[PDB]
Structure formats: structure tokens, C-alpha cells
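Following: one structure in C-alpha cells, then a few remarks.
Here is how names work: the chains are called A, B, and so on, in the same order as the sequence lines, proteins then strands, and each is numbered from 1. Both ligands and their constituent atoms are indexed starting at 1 by order of listing. Only heavy atoms go into these numbers, but all of them, side chains included; no hydrogens, no water, no symmetry mates.
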Amino acid sequence: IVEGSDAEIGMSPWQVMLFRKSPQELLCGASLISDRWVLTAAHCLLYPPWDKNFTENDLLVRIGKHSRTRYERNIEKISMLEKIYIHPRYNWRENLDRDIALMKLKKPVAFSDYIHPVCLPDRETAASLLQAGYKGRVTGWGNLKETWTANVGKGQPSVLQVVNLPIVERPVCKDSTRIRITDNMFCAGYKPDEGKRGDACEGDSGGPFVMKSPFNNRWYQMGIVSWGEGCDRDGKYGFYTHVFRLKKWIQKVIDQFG
Amino acid sequence: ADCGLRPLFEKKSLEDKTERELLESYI
Ligand SMILES: *C[C@@](*)(O)[C@H](CCCNC(N)=[NH2+])NC(=O)[C@@H]1CCCN1C(=O)[C@H](N)Cc1ccccc1
């Protein structure tokens, strides 16, 4: 997370950490939407251009973490995966169109002060809130900077990072990149003449883009961190998977079996 | 069905240090 700030304890109870069995590594963020279902980005699990192909087997899942590095004894829960469901039409070949996957845990989890699911938006809620200039929030344990080049400062946070970013007018989004954009996407962050900065980065995918309802003082997952070009660059914006456009498949996989 | 309400915050009728910002952008 670029230019964010240390998250408060229990501030983002659905935050999930995708973790590699060996080598032990943080792969992505993810979120809790039930005590059995987890939502992330598909490129987190499968990205052939880079030799990426993780099976249920290769990973762990950590719910309740704050510290990135340290094992929080009676707070965190390490779960194993039963299944992985990737959108049949996720386009890894070109623009990462439909960058979504679902993970159902081996056994349910029990909610606590640090473990609590987030809502998925309804028709009403999507529409009411997915307005340009409306601010959402991002959380992660990803890169504090563009790490593939020589830089000063630490490259990764010790604790959960949080950033609050405005939604941008598609046209702005559209014109900001040579990458083919789609209805399943939305770009967010500040404009070079706003004076505020911030963005998500490498290691942030799968993390939620959440919004609070003025209507029911409830948090909803509107986006999934997806892709971007560098991090916190002027005249560029981060791209997030459009959760509302994807609910249909979402619900379909979630309710299949009883 | 209990989703999006935080124990240490909404469960507590408490607020996070920067959620107003968000509430303030929603026209
Ligand atoms: C998965 C990730 O953690 C990461 C998130 C990047 C978000 N960036 C910003 N600034 N908010 N995603 C990626 O790194 C993805 C996966 C593969 C390439 N990629 C990119 O973001 C590239 N930088 C650009 C790109 C290449 C191909 C298709 C889509 C985007």
C-alpha cells in the first residue's frame, strides 16, 4: 500500500492473507464473506505468463492478522482450503478481465473481534455508491513502493496498511492507460491536481475495496485490487474487479451445493 | 447477514479514525 497508514486493530475484520506453504510467502490479500467462503483475485492463483499455478494444496489462509510477520497466537486462524473456483472467463491473456476467484475453507471459521465478514453489495447499494468522486478504502500488506527499481525506504509494512481513495470517471480511467478496460473494472485514486496521493501495489491484489453505507452503517465489498502500472504514479490509477457485475457467478458458486 | 458491522467499532458504537472522510465524500 503506497502512502497509506497503519490500520487500527479490528479495523478490517474480513482482511485475509493468502499464504504460500513453501517457500513461506505472503502472496495476496483476500476477504472473508462467510465463515467458509473467501474472495480474492484469480491472478493470485493462476497467471500463466509468469508460471503461476497454485492448487488448494499449495496454500494456507490466515484470518485475524494485524502483524505481517508475526504469528498472533489467540487472534489469528490458519485455515486450509477445500476448493478453488476461478471465473471461467477470467482473461489472463490480455487485460485481466474478471480477476476473481473463490476459496471455501476446509471447515467454517468462528467470528470474533478480529474475524468478521463483509457484505456483498445489492443492486441498490452498488448504484447508490458507485459514483465517481465517492471514496472507498483499501487494505493490504503489499509493497510500500515500486520495489523492482532502486528506491529508498522500507519496501513492506510491519502491520496492515490502509488507504482511502476516490472513484474516478471511466473516461479518465480509460484515457490513463493503453490497456483495454471493461465493465468488470473500475479505477480509483487521486488526480495529479488534488495534492493527495495513495494507491495499492504489488502484493495487494485480492484485497478488498470497501464502502460504508450511510444507510445502514455497514461496510461493503465493491472492489478487489486487480492491476496497475507502477504504483502512485501521476496520471495513473489502480484497477479493481467490479464485484457488483460479478455477483451472479459469485452467488452461483456459493449456493450450488447445500 | 450480520456482515459489515465491526465488533470493536460498530458493535461498540465507536468510529474509526478516518471513516468520516469517506462519509463526507458520499455527497
Ligand atoms: C496481483 C497483484 O498483487 C498486483 C496488484 C497491482 C495493483 N497496482 C496498483 N498500482 N494499484 N497485480 C499485478 O501485478 C498484475 C498481475 C500481472 C501484471 N499486473 C499488473 O498490474 C501489471 N502492472 C500491468 C498489467 C499487465 C497485464 C494485464 C493487466 C495489467
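Proximity annotation for atom 12 (N) of ligand 1: of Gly189(A), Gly142(A), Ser226(A), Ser226(A) comes nearest, heavy atoms only. Among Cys28(A), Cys187(A), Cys231(A), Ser205(A), the residue whose heavy atom sits closest to atom 4 (C) of ligand 1 is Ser205(A).
Counting the atoms of ligand 1 from 1 in the order shown, those under 4.0 Å from a heavy atom of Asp199(A) are 9 (C), 10 (N), 11 (N). Near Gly238(A), meaning under 4.0 Å from one of its heavy atoms, ligand 1 places the atoms 11 (N). With ligand atoms numbered from 1 in the order given, ligand 1 contributes 15 (C), 16 (C), 29 (C) to contacts under 4.0 Å with heavy atoms of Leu96(A). Atoms of ligand 1 found under 4.0 Å from any heavy atom of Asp204(A), numbered from 1 in the order shown, are 3 (O).
In this model, no donor atom of one side chain and acceptor atom of the other lie less than 3.5 Å apart for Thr139(A) and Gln161(A). Side-chain atoms of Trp14(A) and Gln221(A) form no donor-acceptor pair, as typed in the model, at a separation below 3.5 Å. Of the N and O atoms on the side chains of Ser67(A) and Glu72(A), not one donor lies less than 3.5 Å from an acceptor on the other residue.
Side-chain N or O atoms of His66(A) include none that pairs as donor or acceptor with a backbone N or O of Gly10(A) at under 3.5 Å. Side-chain atoms of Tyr190(A) never come within 3.5 Å of backbone atoms of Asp232(A) as a donor-acceptor pair (strictly under, hydrogens ignored).
Looking only at protein heavy atoms, the nearest one to atom 20 (C) of ligand 1 is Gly228(A) O, 3.6 Å. Nearest non-hydrogen protein atom to atom 28 (C) of ligand 1 is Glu94(A) O, 3.5 Å. Distance from atom 1 (C) of ligand 1 to its nearest protein heavy atom, with residue and atom name: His43(A) NE2, 1.9 Å. Of the protein's non-hydrogen atoms, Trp227(A) CB, 3.5 Å is the one closest to atom 30 (C) of ligand 1. Looking from atom 14 (O) of ligand 1 to the surrounding protein, the closest heavy atom is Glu202(A) OE2, 4.0 Å. Annotation: atom 9 (C) of ligand 1 to nearest protein heavy atom, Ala200(A) O, 3.3 Å.
Of the heavy atoms in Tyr47(A), only side-chain atoms (C-beta onward) come closer than 4.0 Å to ligand 1. With a 4.0 Å cut-off on non-hydrogen atoms, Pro49(A) does not touch ligand 1 at all. Residue contacts with ligand 1 for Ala41(A) are absent, since no atom lies close enough (heavy atoms, distance under 4.0 Å). In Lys236(A), neither the side chain nor the backbone holds a heavy atom less than 4.0 Å from any atom of ligand 1. Under 4.0 Å from ligand 1, the heavy atoms of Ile179(A) that appear belong solely to its side chain.
Ligand 1 is never approached by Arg233(A) to a heavy-atom distance shorter than 4.0 Å. Heavy-atom distances between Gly230(A) and ligand 1 reach below 4.0 Å in at least one pair.
Under the 6.0 Å cut-off for aromatic ring centres, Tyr47(A) and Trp92(A) do not qualify, their centroids lying 6.0 Å or more apart.
Under the 4.5 Å side-chain heavy-atom criterion for grouping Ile, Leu, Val, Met, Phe, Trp and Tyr, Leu39(A) is not connected to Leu60(A) through any hydrophobic cluster.
In this structure, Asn164(A) and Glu19(B) have side chains that are not in contact, with every pair of non-hydrogen atoms separated by 4.5 Å or more.
Taking the centre and axis of the six-membered ring of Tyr85(A), the NZ or CZ atom of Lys83(A) falls inside the cone set by 45° and 6.0 Å. For the pair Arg62(A) and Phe19(A), the cation sits on the ring face: its NZ or CZ lies under 6.0 Å from the ring centre, inside 45° of the axis.
To the nearest 0.5 Å, atoms NZ (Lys107(A)) and CE (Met80(A)) are separated by 10.0 Å.
Screening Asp97(A), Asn184(A), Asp99(A), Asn95(A) for a side-chain hydrogen bond (donor to acceptor under 3.5 Å, both in side chains) involving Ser226(A) leaves a single residue, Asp99(A).
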